[PDB]
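Step one of this worksheet: look at the structure below.
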Amino acid sequence: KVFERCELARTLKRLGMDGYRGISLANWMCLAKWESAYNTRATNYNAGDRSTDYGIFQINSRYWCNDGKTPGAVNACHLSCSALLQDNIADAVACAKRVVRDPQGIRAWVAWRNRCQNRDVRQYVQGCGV
């Protein structure tokens, strides 16, 4: 599923993402936009370390989910990576929450640092009613 902007903003809000661990909804929207263009089916194989990034937040299989094919990987969200490819983003959100509970917080995603950190992200939630 490819979400439309405000649809996703409200979906994330209903799931408890607004201000989760101090992260605003606009920050989450900026992350999803640059990671997958709001596409729950997005996937990216990293030939270098044999890991794969899954879903709307492009969560990596080396540390966060299990796909059974990443060498020496762990599964911190304790989810099959398949759960990160569903149209319903509840599981993906639970995992994204797990990621940010760690030291780096939202900075875990290099994309957020590259295109969301110290940026004006107002536009992501404007007019969405969140």
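Numbering starts fresh at 1 for the residues of each chain in the structure tokens, the chains themselves are lettered A, B, ... in the order given, and ligands are numbered from 1 as they appear.
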Compile a residue-level contact table for region 32-68 of chain A against region 99-105 of chain A at a cut-off of 10 Å, reporting for every qualifying residue the shortest atom pair and its distance in Å to one decimal, with only C-alpha atoms counted, rows ordered by chain and ascending number, as JSON lines.
```
{"residue": "A:59", "atom": "CA", "partner": "A:99", "partner_atom": "CA", "distance": 8.8}
{"residue": "A:63", "atom": "CA", "partner": "A:99", "partner_atom": "CA", "distance": 9.5}
{"residue": "A:64", "atom": "CA", "partner": "A:99", "partner_atom": "CA", "distance": 7.7}
```
With only C-alpha atoms as the counted atoms, please give the residues lying no more than 12 Å from residue 72 (chain A), apart from itself and same-chain residues fewer than 4 positions off, as a ChimeraX atom specification. /A:49-51,61-63,66-68
Residues from last step as file, N, CA, C and O atoms, as a PDB file, in the first residue's frame:
```pdb
ATOM      1  N   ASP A  49      26.520  -6.168   2.678  1.00  0.00           N
ATOM      2  CA  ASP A  49      26.477  -6.926   3.920  1.00  0.00           C
ATOM      3  C   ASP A  49      25.366  -7.961   3.943  1.00  0.00           C
ATOM      4  O   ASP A  49      25.049  -8.491   4.994  1.00  0.00           O
ATOM      5  N   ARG A  50      24.751  -8.191   2.788  1.00  0.00           N
ATOM      6  CA  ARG A  50      23.683  -9.175   2.634  1.00  0.00           C
ATOM      7  C   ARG A  50      22.442  -8.966   3.512  1.00  0.00           C
ATOM      8  O   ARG A  50      21.793  -9.925   3.930  1.00  0.00           O
ATOM      9  N   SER A  51      22.094  -7.715   3.782  1.00  0.00           N
ATOM     10  CA  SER A  51      20.903  -7.439   4.581  1.00  0.00           C
ATOM     11  C   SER A  51      19.873  -6.798   3.646  1.00  0.00           C
ATOM     12  O   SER A  51      20.220  -6.361   2.542  1.00  0.00           O
ATOM     13  N   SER A  61      17.172  -5.830   8.217  1.00  0.00           N
ATOM     14  CA  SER A  61      17.111  -7.209   8.722  1.00  0.00           C
ATOM     15  C   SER A  61      18.291  -7.699   9.563  1.00  0.00           C
ATOM     16  O   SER A  61      18.213  -8.771  10.175  1.00  0.00           O
ATOM     17  N   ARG A  62      19.398  -6.959   9.557  1.00  0.00           N
ATOM     18  CA  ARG A  62      20.572  -7.365  10.326  1.00  0.00           C
ATOM     19  C   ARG A  62      20.315  -7.267  11.817  1.00  0.00           C
ATOM     20  O   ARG A  62      20.736  -8.130  12.585  1.00  0.00           O
ATOM     21  N   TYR A  63      19.546  -6.263  12.215  1.00  0.00           N
ATOM     22  CA  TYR A  63      19.293  -6.050  13.621  1.00  0.00           C
ATOM     23  C   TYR A  63      17.848  -6.107  14.085  1.00  0.00           C
ATOM     24  O   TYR A  63      17.578  -6.554  15.203  1.00  0.00           O
ATOM     25  N   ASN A  66      13.522 -10.660  11.376  1.00  0.00           N
ATOM     26  CA  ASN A  66      14.094 -11.879  10.841  1.00  0.00           C
ATOM     27  C   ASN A  66      13.552 -12.278   9.479  1.00  0.00           C
ATOM     28  O   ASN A  66      12.342 -12.399   9.312  1.00  0.00           O
ATOM     29  N   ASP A  67      14.449 -12.453   8.508  1.00  0.00           N
ATOM     30  CA  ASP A  67      14.066 -12.918   7.172  1.00  0.00           C
ATOM     31  C   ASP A  67      14.756 -14.251   6.874  1.00  0.00           C
ATOM     32  O   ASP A  67      14.641 -14.792   5.778  1.00  0.00           O
ATOM     33  N   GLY A  68      15.487 -14.755   7.869  1.00  0.00           N
ATOM     34  CA  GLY A  68      16.200 -16.019   7.765  1.00  0.00           C
ATOM     35  C   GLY A  68      17.384 -16.076   6.808  1.00  0.00           C
ATOM     36  O   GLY A  68      18.091 -17.085   6.765  1.00  0.00           O
TER      37      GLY A  68
END
```
I'd like the neighbourhood of region 75-90 of chain A as JSON, numbers by chain, where a residue qualifies if any of its atoms comes within 9 Å (using only C-alpha atoms), though same-chain residues fewer than 2 positions away should be ignored. {"A": [1, 2, 11, 12, 15, 39, 40, 41, 42, 43, 53, 54, 55, 56, 57, 58, 59, 60, 61, 62, 63, 64, 65, 66, 67, 68, 73, 92, 93, 94, 95, 96, 98, 99]}
Those selected residues, please, written with C-alpha atoms and delivered as a JSON list (two decimals), in the first residue's frame.
```
[["chain", "number", "residue", "atom", "x", "y", "z"],
["A", 1, "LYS", "CA", 0.00, 0.00, 0.00],
["A", 2, "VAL", "CA", 1.19, 3.51, -0.87],
["A", 11, "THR", "CA", -2.68, 6.61, 10.79],
["A", 12, "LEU", "CA", 0.57, 7.26, 12.66],
["A", 15, "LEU", "CA", -0.92, 4.36, 16.55],
["A", 39, "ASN", "CA", 5.18, 2.62, 0.38],
["A", 40, "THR", "CA", 4.69, -0.33, 2.80],
["A", 41, "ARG", "CA", 6.06, -2.69, 0.08],
["A", 42, "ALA", "CA", 9.37, -0.86, -0.38],
["A", 43, "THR", "CA", 12.45, -3.14, -0.23],
["A", 53, "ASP", "CA", 15.57, -2.98, 4.31],
["A", 54, "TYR", "CA", 11.81, -3.56, 4.67],
["A", 55, "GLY", "CA", 8.67, -1.50, 4.37],
["A", 56, "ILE", "CA", 7.51, 2.03, 4.95],
["A", 57, "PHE", "CA", 10.41, 2.85, 7.34],
["A", 58, "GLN", "CA", 12.96, 0.65, 5.53],
["A", 59, "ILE", "CA", 13.90, -1.24, 8.69],
["A", 60, "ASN", "CA", 17.00, -3.40, 8.29],
["A", 61, "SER", "CA", 17.11, -7.21, 8.72],
["A", 62, "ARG", "CA", 20.57, -7.37, 10.33],
["A", 63, "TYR", "CA", 19.29, -6.05, 13.62],
["A", 64, "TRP", "CA", 15.53, -5.57, 13.62],
["A", 65, "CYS", "CA", 13.53, -8.31, 11.94],
["A", 66, "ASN", "CA", 14.09, -11.88, 10.84],
["A", 67, "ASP", "CA", 14.07, -12.92, 7.17],
["A", 68, "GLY", "CA", 16.20, -16.02, 7.76],
["A", 73, "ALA", "CA", 21.50, -11.13, 12.09],
["A", 92, "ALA", "CA", 5.97, -1.63, 11.42],
["A", 93, "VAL", "CA", 5.14, 1.13, 13.91],
["A", 94, "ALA", "CA", 5.79, -1.15, 16.89],
["A", 95, "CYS", "CA", 9.18, -1.93, 15.38],
["A", 96, "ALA", "CA", 9.93, 1.75, 14.59],
["A", 98, "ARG", "CA", 11.59, -0.30, 19.25],
["A", 99, "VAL", "CA", 14.32, 1.25, 17.08]]
```
Select, from A:10, A:115, A:5, A:107, the residue with the minimum atom-to-atom distance to residue 23 (chain A), counting only C-alpha atoms.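 Closest to residue 23 (chain A), using only C-alpha atoms: A:107.
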Between A:70, A:20, A:30, A:25, single out the one closest to residue 45 (chain A), counting only C-alpha atoms.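 Result for the nearest residue to residue 45 (chain A): A:70.
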Which of region 1-91 of chain A DSSP labels strand (DSSP E or B), written as a list in words: residues 2, 20, 23, 39, 43, 44, 45, 46, 51, 52, 53, 54, 59, 60, 66 and 80 of chain A
May I have the selected residues written with C-alpha atoms, as a compact mmCIF listing (two decimals), in the first residue's frame?
```txt
# COMPACT_ATOMS: atom_id res chain seq x y z
CA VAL A 2 1.19 3.51 -0.87
CA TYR A 20 6.76 9.15 20.94
CA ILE A 23 9.65 12.61 18.16
CA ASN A 39 5.18 2.62 0.38
CA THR A 43 12.45 -3.14 -0.23
CA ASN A 44 16.17 -2.59 -0.69
CA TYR A 45 18.83 -5.28 -0.78
CA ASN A 46 22.29 -4.32 0.44
CA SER A 51 20.90 -7.44 4.58
CA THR A 52 17.55 -6.11 3.33
CA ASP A 53 15.57 -2.98 4.31
CA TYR A 54 11.81 -3.56 4.67
CA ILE A 59 13.90 -1.24 8.69
CA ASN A 60 17.00 -3.40 8.29
CA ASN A 66 14.09 -11.88 10.84
CA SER A 80 9.25 -11.77 10.65
```
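CA of residue 34 (chain A) lies 7.7 Å from CA of residue 112 (chain A).
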Considering only C-alpha atoms, state which residue in the set A:8, A:24, A:91, A:36 is at the smallest distance from residue 122 (chain A).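 Closest residue, counting only C-alpha atoms: A:24.
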Find the residues near residue 130 (chain A): any atom within 8 Å, counting only C-alpha atoms, skip ones fewer than 4 places away on the same chain, and give them as a PyMOL selection string. chain A and resi 9-10+13+125
Go ahead and write the selection's residues with N, CA, C and O atoms as a PDB file, in the first residue's frame.
```pdb
ATOM      1  N   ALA A   9      -0.407  10.488   8.086  1.00  0.00           N
ATOM      2  CA  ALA A   9      -0.215  11.294   9.307  1.00  0.00           C
ATOM      3  C   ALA A   9      -1.227  10.898  10.382  1.00  0.00           C
ATOM      4  O   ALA A   9      -0.861  10.679  11.546  1.00  0.00           O
ATOM      5  N   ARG A  10      -2.489  10.753   9.994  1.00  0.00           N
ATOM      6  CA  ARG A  10      -3.518  10.341  10.943  1.00  0.00           C
ATOM      7  C   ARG A  10      -3.351   8.881  11.387  1.00  0.00           C
ATOM      8  O   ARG A  10      -3.609   8.554  12.550  1.00  0.00           O
ATOM      9  N   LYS A  13      -0.674   8.903  13.969  1.00  0.00           N
ATOM     10  CA  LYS A  13      -1.197   9.490  15.199  1.00  0.00           C
ATOM     11  C   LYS A  13      -2.060   8.478  15.974  1.00  0.00           C
ATOM     12  O   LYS A  13      -1.899   8.324  17.191  1.00  0.00           O
ATOM     13  N   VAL A 125       2.792  17.655   7.828  1.00  0.00           N
ATOM     14  CA  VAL A 125       1.552  17.494   8.571  1.00  0.00           C
ATOM     15  C   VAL A 125       0.556  18.632   8.364  1.00  0.00           C
ATOM     16  O   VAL A 125      -0.514  18.623   8.969  1.00  0.00           O
TER      17      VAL A 125
END
```
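For the pair CA of residue 18 (chain A) and CA of residue 126 (chain A), the separation is 14.2 Å.
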Which of these, A:116, A:48, A:111, A:97, has the shortest distance to residue 26 (chain A) once you count only C-alpha atoms?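 That would be A:116, the residue with the smallest distance to residue 26 (chain A).
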d(CA of residue 31 (chain A), CA of residue 16 (chain A)) in Å: 16.0 Å
